[PDB]
Amino acid sequence: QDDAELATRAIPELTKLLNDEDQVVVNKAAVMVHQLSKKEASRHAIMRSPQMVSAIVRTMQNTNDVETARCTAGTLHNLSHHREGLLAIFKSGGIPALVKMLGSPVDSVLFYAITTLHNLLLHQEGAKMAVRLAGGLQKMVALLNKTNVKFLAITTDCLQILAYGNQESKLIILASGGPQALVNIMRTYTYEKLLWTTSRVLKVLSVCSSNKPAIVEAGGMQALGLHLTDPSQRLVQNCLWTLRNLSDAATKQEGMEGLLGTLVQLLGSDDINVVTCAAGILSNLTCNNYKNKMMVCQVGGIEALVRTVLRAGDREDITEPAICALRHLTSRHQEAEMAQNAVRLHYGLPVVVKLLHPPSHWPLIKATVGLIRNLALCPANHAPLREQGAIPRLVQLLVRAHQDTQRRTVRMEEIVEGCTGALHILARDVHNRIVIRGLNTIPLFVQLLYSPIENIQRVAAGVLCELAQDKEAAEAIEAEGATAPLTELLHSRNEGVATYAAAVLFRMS
Amino acid sequence: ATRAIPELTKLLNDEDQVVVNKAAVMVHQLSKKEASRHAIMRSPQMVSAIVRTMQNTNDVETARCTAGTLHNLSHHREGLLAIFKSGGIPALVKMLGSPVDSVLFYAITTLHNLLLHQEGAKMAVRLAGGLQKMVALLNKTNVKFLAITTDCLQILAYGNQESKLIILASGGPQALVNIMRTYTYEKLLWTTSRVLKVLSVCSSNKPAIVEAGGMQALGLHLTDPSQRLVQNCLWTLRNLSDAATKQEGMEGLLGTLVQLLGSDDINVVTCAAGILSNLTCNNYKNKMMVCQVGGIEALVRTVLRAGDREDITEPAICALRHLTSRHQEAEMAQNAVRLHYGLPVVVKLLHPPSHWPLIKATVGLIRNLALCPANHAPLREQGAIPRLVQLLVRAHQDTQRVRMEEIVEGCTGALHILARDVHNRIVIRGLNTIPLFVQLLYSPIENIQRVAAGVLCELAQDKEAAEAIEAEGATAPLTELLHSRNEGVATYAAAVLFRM
Amino acid sequence: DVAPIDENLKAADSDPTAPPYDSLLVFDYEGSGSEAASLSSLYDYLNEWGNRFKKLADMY
Amino acid sequence: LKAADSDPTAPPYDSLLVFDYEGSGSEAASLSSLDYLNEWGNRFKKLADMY
Ligand SMILES: [Cl-]
Ligand SMILES: [Cl-]
Ligand SMILES: [Cl-]
Ligand SMILES: [Cl-]
Ligand SMILES: [Cl-]
Ligand SMILES: [Cl-]
Ligand SMILES: [Cl-]
Ligand SMILES: [Cl-]
Ligand SMILES: [Zn+2]
Ligand SMILES: [Zn+2]
Numbered sequence: 143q144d145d146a147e148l149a150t151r152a153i154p155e156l157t158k159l160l161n162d163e164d165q166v167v168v169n170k171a172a173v174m175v176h177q178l179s180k181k182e183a184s185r186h187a188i189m190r191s192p193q194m195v196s197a198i199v200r201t202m203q204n205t206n207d208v209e210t211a212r213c214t215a216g217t218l219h220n221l222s223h224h225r226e227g228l229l230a231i232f233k234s235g236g237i238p239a240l241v242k243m244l245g246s247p248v249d250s251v252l253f254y255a256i257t258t259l260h261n262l263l264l265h266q267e268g269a270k271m272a273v274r275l276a277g278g279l280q281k282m283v284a285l286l287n288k289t290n291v292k293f294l295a296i297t298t299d300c301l302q303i304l305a306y307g308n309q310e311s312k313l314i315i316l317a318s319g320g321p322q323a324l325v326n327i328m329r330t331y332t333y334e335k336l337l338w339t340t341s342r343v344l345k346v347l348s349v350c351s352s353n354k355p356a357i358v359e360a361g362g363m364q365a366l367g368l369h370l371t372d373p374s375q376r377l378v379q380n381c382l383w384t385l386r387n388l389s390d391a392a393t394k395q396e397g398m399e400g401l402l403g404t405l406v407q408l409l410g411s412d413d414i415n416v417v418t419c420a421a422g423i424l425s426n427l428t429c430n431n432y433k434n435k436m437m438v439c440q441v442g443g444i445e446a447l448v449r450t451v452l453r454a455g456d457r458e459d460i461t462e463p464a465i466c467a468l469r470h471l472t473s474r475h476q477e478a479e480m481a482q483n484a485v486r487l488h489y490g491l492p493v494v495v496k497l498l499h500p501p502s503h504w505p506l507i508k509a510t511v512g513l514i515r516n517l518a519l520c521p522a523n524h525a526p527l528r529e530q531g532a533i534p535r536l537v538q539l540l541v542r543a544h545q546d547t548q549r550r551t564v565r566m567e568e569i570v571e572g573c574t575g576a577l578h579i580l581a582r583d584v585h586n587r588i589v590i591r592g593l594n595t596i597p598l599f600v601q602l603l604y605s606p607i608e609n610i611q612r613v614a615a616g617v618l619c620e621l622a623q624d625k626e627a628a629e630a631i632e633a634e635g636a637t638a639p640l641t642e643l644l645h646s647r648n649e650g651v652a653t654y655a656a657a658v659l660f661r662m663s
Numbered sequence: 149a150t151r152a153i154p155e156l157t158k159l160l161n162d163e164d165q166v167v168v169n170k171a172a173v174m175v176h177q178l179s180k181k182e183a184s185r186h187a188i189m190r191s192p193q194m195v196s197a198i199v200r201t202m203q204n205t206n207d208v209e210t211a212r213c214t215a216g217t218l219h220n221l222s223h224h225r226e227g228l229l230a231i232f233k234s235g236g237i238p239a240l241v242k243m244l245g246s247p248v249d250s251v252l253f254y255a256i257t258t259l260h261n262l263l264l265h266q267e268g269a270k271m272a273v274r275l276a277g278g279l280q281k282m283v284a285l286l287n288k289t290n291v292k293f294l295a296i297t298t299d300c301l302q303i304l305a306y307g308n309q310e311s312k313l314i315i316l317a318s319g320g321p322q323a324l325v326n327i328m329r330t331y332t333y334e335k336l337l338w339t340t341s342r343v344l345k346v347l348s349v350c351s352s353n354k355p356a357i358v359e360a361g362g363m364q365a366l367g368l369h370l371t372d373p374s375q376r377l378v379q380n381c382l383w384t385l386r387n388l389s390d391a392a393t394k395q396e397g398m399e400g401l402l403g404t405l406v407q408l409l410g411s412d413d414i415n416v417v418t419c420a421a422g423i424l425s426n427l428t429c430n431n432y433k434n435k436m437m438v439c440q441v442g443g444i445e446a447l448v449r450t451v452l453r454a455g456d457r458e459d460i461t462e463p464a465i466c467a468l469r470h471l472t473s474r475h476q477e478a479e480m481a482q483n484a485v486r487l488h489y490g491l492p493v494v495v496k497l498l499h500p501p502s503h504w505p506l507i508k509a510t511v512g513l514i515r516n517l518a519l520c521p522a523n524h525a526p527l528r529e530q531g532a533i534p535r536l537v538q539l540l541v542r543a544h545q546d547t548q549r564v565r566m567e568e569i570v571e572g573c574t575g576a577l578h579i580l581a582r583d584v585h586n587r588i589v590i591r592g593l594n595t596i597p598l599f600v601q602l603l604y605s606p607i608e609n610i611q612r613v614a615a616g617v618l619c620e621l622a623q624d625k626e627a628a629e630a631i632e633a634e635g636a637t638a639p640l641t642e643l644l645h646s647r648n649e650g651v652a653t654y655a656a657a658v659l660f661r662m
Numbered sequence: 788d789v790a791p813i814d815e816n817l818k819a820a821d822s823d824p825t826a827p828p829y830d831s832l833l834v835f836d837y838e839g840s841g842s843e844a845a846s847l848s849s850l861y862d863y864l865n866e867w868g869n870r871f872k873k874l875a876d877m878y
Numbered sequence: 817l818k819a820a821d822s823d824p825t826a827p828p829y830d831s832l833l834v835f836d837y838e839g840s841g842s843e844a845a846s847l848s849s850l862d863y864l865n866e867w868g869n870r871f872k873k874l875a876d877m878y
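Residue numbers (the UniProt record's numbering), protein chains in the order written: chain C, 143 to 551, 564 to 663; chain A, 149 to 549, 564 to 662; chain P, 788 to 791, 813 to 850, 861 to 878; chain V, 817 to 850, 862 to 878.
So this is what it looks like as structure tokens:
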């Protein structure tokens with residue numbers, strides 16, 4: 143109580159001294175002020191004097207004396223621990239001044255500056271905007287060339303705070319070469335706090351369409367994959383969210399073998415967010431990349447994805463990408479046939495067929511239909527799929543989707571194409587054909603021969619083709635009036651549809 | 149006393165300085181007593197002797213005694229007259245160079261009394277070169293001394309441009325701003341703020357005061373308990389505001405100003421509004437900061453409270469117009485105005501008793517507010533369109549018989579933006595505006611041709627409207643405008659044609 | 788979605825460019841931005867300072 | 817056309833209001849304030876006589 147009282151007349155007095163034109167006086171006052179800022183009572187008198195804080199700030203950014211620059215920046219850092227200190231700093235032009243001190247050749251000054259700014263960025267309203275306007279972004283990205291990891295942790299977090307929800311900042315960070323610098327940090331250092339603060343910046347940048355390609359080009363996928371089994375769950379989860387955001391743009395990368403293997407193992411995690419991300423990342427990385435498909439199947443990806451689906455239940459945020467990954471893994475690569483069989487061996491057929499029913503929504507249903515189309519390529523799955531009731535439900539989905547397309551005023567055309575395509579493959583089996591026909595499907599299939607969509611015509615012709623290999627069926631198709639529309643599909647620019655059209659015609663005699 | 153005066157006078161004029169010194173001492177002591185004091189001041193030869201002795205002695209004791217004597221006479225009407233008549237001013241000014249404080253203090257105080265009550269003192273001090281000397285004394289540190297010196301400058305500068313220029317030439321602005329950043333003595337800050345206020349109406353001192361960091365320096369006192377200090381800082385700030393788009397480190401000032409908008413003192417709100425309007429004029433950084441700290445809501449509340457007080461609403465509306473365009477957070481501001489219930493009152497300001505300057509500002513605000521789709525319907529529901537049209541027709545008529567040319571441009575530009583909404587187009591057309599817009603295509607003013615072609619472009623996207631545009635004969639002037647040197651005009655004219 | 813009589817028919821059933829196509833899912837989870845509040849950290863002499871500091875030197 | 821509506825160089829423009837309040841010029845009337864003729868020569872004897 144007597145210290146605070148003393149502080150009240152010492153502050154106005156030191157304010158006069160800081161404003162003196164004699165640098166010797168200035169420098170000496172800076173020292174006392176710094177020392178006073180270390181004690182609460184006097185620190186309070188400092189933060190509560192607009193002229194005192196303005197003098198500290200001005201002295202700091204204008205002195206040519208290292209000790210003064212250190213003492214003033216240290217005073218400001220000390221004031222930043224309190225709400226009123228943070229406010230006074232902001233109101234006294236401290237932000238532009240602190241951003242300038244980031245260029246200081248003196249570590250101690252630079253450290254005081256970045257730390258004071260971090261406190262402002264965290265707790266002072268208006269500080270994020272002020273730093274962006276003062277060119278703080280470009281300077282912080284440039285400082286990523288430093289090697290003190292604690293310094294780097296604070297600096298990367300400053301960039302995270304500034305970039306979050308702010309597209310402009312993200313573009314500037316990209317402009318300054320931020321992605322390459324941040325990926326380099328992830329590849330190099332082992333300090334957990336820095337790996338974590340850095341992964342959050344990458345996470346924030348990964349949602350921006352311009353930053354994704356850059357991060358991926360800088361080798362970000364592989365670097366993030368290096369920390370997926372770290373004991374720090376916050377580091378792992380952040381690397382996972384980032385990897386998932388970047389994944390749709392990394393389907394052409396190499397050196398992904400380790401990453402893919404680790405993701406397959408993470409599918410067995412008891413952490414919902416770990417599993418969700420792993421499934422999503424894997425779905426995207428297996429899209430049109432036969433090397434990744436081979437890798438994922440090789441390490442037991444199929445069994446892991448099926449278990450993921452079984453454990454997931456009706457959680458579509460897990461099942462949709464898991465089912466999409468399984469679809470990608472059951473076609474167009476050396477081990478697709480083995481993959482189609484593995485789904486059955488690990489009890490995936492019943493759940494796969496189950497996913498065609500409510501509460502499943504259209505996105506999931508579409509992916510599931512696609513997977514079934516691929517699974518049906520394996521003869522050993524024909525009977526199991528039938529026994530599970532795939533045919534009745536696919537037919538039902540097809541009927542409903544078709545009727546919706548026929549109304550004037564996920565697109566249902568896709569459901570029509572998919573369901574008919576699945577029935578097409580399933581029709582390769584004699585017993586399935588009986589069931590198919592038994593559902594009064596022939597009339598609908600013929601009607602689809604008139605579809606304006608080529609892909610639809612193809613699958614319509616395809617299933618009729620398979621069905622027509624049985625005489626009683628072929629005759630039924632002919633009676634239904636398929637000849638005319640079939641005859642017309644011979645002049646299609648799609649030799650596939652033409653081939654099937656020819657076949658149905660041929661078989662009908 | 150009367151009897152001694154003639155004696156002491158001769159002793160003062162004695163060439164033997166030792167004698168002079170002794171004389172000066174008695175005269176000093178004598179000036180302390182009122183009875184003898186009046187005797188001294190009524191003797192012209194005596195005062196004149198005191199004046200000469202003061203500037204010529206080489207004895208501090210004598211210098212102090214003589215200056216002190218003059219100071220004592222300055223407390224009386226007849227004393228000031230005597231000093232003035234015996235040429236004390238030029239002598240007192242010279243004493244402002246003294247290395248001895250007692251002498252300096254006596255001199256500046258005597259000059260202050262003269263400046264305050266002696267008719268004719270100001271002109272004399274100016275000639276003697278007092279201004280540059282007083283300015284140079286502003287680096288002293290005794291605050292009571294600084295209080296008096298700056299008050300002398302205030303007296304000399306008030307309503308005297310010449311004196312303000314000399315203060316400027318002498319480096320007055322930087323020295324005055326330094327006082328504002330350095331001391332807490334309220335009388336000094338107040339006396340200094342008044343000099344700054346006086347200088348701030350000078351077009352040459354303004355830039356200098358701003359460059360010395362005056363805006364921020366004055367901002368340091370906006371929450372001082374001294375209301376006179378606060379208001380003088382605000383008047384000065386407002387005067388300087390049109391010349392400060394270059395300053396940085398303005399966050400504190402802007403934040404405080406936004407807060408002072410909530411004040412109960414009308415002078416304070418008025419100034420805050422004025423300062424903000426000018427500080428946001430073409431400065432994206434200040435626009436951003438003002439939005440961040442809650443300026444939109446504060447400015448909307450200001451308009452809501454103001455009623456028909458145009459001294460408050462005009463700069464508030466202008467500030468809002470600035471804030472709702474040309475900066476990253478303009479979208480936010482446009483939305484913010486609606487959120488804080490600003491649309492109704494804004495549209496209302498387009499009506500009587502609002503005068504043209506306010507109406508013009510309001511039309512511009514509405515124009516920017518319509519850039520936000522979410523404001524299209526509510527602006528319509530407030531009756532913005534028919535009133536904008538009425539103001540347009542009225543102004544256009546006055547141009548075929564604030565300049566109405568500006569109202570024609572503004573209203574048409576607002577309509578151009580409002581027309582981005584299909585329902586708003588219906589309303590605009592329903593007021594039979596197409597004929598007028600086509601006529602504007604003939605305006606000699608490029609900007610008017612632009613918004614005319616713009617709104618017609620928006621309207622031409624609907625069948626009925628296009629056909630109506632054609633039936634007006636728009637084709638002729640539009641094809642012509644295809645050659646316009648103005649890119650906007652030519653682009654819009656082409657679009658209308660195409661759409662038709 | 789992202790794209791890649814008997815004998816001739818076999819060429820049809822074995823065409824790679826036929827649906828279903830593999831597809832991408834564009835995720836863009838930015839997180840919540842929690843605070844990193846646990847990062848690690850980075861007057862007798864007045865009597866000998868002269869007249870300018872007398873006032874202070876006295877009170878302290 | 818998108819460029820035209822984008823054109824930041826086109827109106828409306830921001831504008832300044834010219835203030836120049838010098839005040840009235842009040843007065844600071846409250847600023848704070850800032862027998863031996865014997866030992867003396869024969870020159871100051873007359874004074875010592877009348878005093
Ligand atoms: Cl901010
Ligand atoms: Cl980069
Ligand atoms: Cl399990
Ligand atoms: Cl003037
Ligand atoms: Cl100056
Ligand atoms: Cl003071
Ligand atoms: Cl931490
Ligand atoms: Cl006063
Ligand atoms: Zn220090
Ligand atoms: Zn004396």
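A virtual CB, placed ideally from N, CA and C, is assigned to each residue, including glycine.
Legend entry - Which of helix, strand or coil DSSP assigns to P:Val-789: Residue state, collapsed to three classes: strand.
Legend entry - is_contact[V:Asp-876, chain A] using C-beta, thresh 8 Å: For V:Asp-876, the answer is no, since every Cβ of chain A falls outside 8 Å of its Cβ.
Legend entry - For A:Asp-299, three-class secondary structure by DSSP: Correct three-state label for A:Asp-299: helix.
Inset, instruction - Using a Cβ cut-off of 8 Å, pull out every chain C residue sitting near P:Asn-869, in sequence order please. - result: Simply none; closest approach about 10 Å.
Inset, instruction - Assess, as a yes-or-no matter, whether the stretch 182–194 of chain C is touched by the stretch 224–237 of chain C under the definition of 3 or more beta carbon pairs within less than 8 Å. - result: Contact check between the stretch 224–237 of chain C and the stretch 182–194 of chain C: three or more CB pairs, one atom from each, fall below 8 Å, which counts as touching.
Legend entry - Counterpart residues of A:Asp-624 in DSSP-defined beta bridges: For A:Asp-624, which the question treats as bridged, DSSP gives no partner whatsoever.
Inset, instruction - Ignore the nearest five residues each way along the sequence and tell me which others in A:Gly-400's own chain have a CB closer than 6 Å to its CB. - result: So the qualifying residues of the chain are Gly-367.
Inset, instruction - Could you give the DSSP three-state label for P:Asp-830: helix, strand or coil? - result: Under the three-state reduction of DSSP, P:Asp-830 is assigned to strand.
Legend entry - Rounded straight-line distance, which links the Cα of A:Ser-425 to that of A:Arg-535: A:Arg-535 and A:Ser-425: Cα-Cα distance of roughly 25 Å.
Legend entry - Of the listed residues C:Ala-630, C:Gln-482, C:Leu-506 and C:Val-199, nearest to C:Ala-522 (C-alpha basis): Of the candidates C:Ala-630, C:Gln-482, C:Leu-506 and C:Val-199, the residue whose Cα lies closest to the Cα of C:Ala-522 is C:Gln-482.
Inset, instruction - Evaluate contact between the stretch 458–472 of chain C and the stretch 436–447 of chain C, counting only Cβ atoms and requiring at least three cross-stretch pairs below 8 Å. - result: Touching, yes, given that three or more Cβ pairs across the two stretches are closer than 8 Å.
Legend entry - Closer than 7 Å: C:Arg-212 CB and nearest ligand 9 heavy atom: Answer for C:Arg-212: yes, Cβ within range of ligand 9.
Inset, instruction - Return the first residue and the last residue of the alpha helix (DSSP H) that C:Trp-338 is part of. - result: Unbroken alpha helix (DSSP H) run through C:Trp-338: 334–348.
Inset, instruction - Anything in chain P within Cβ reach of C:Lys-433, meaning under 7 Å, just list it in chain order. - result: Chain P residues near C:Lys-433: none, gap ~13 Å exceeds 7 Å.
Inset, instruction - For V:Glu-866, decide whether its Cβ has a neighbour in chain A, counting only Cβ atoms nearer than 8 Å. - result: False, the Cβ-Cβ gap to chain A never drops below 8 Å.
Legend entry - Cβ of A:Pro-247 within 8 Å of any chain V Cβ: No, because no Cβ of chain V sits closer than 8 Å to the Cβ of A:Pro-247.
Inset, instruction - Spell out whether any CB of chain A is found under 8 Å from the CB atom of C:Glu-310. - result: Judged by the 8 Å Cβ criterion, C:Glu-310 is in contact with chain A.
Inset, instruction - Compute the minimum distance between the beta carbon of C:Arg-449 and the heavy atoms of ligand 3, and state whether it is under 7 Å. - result: C:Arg-449 Cβ: within cutoff of ligand 3.
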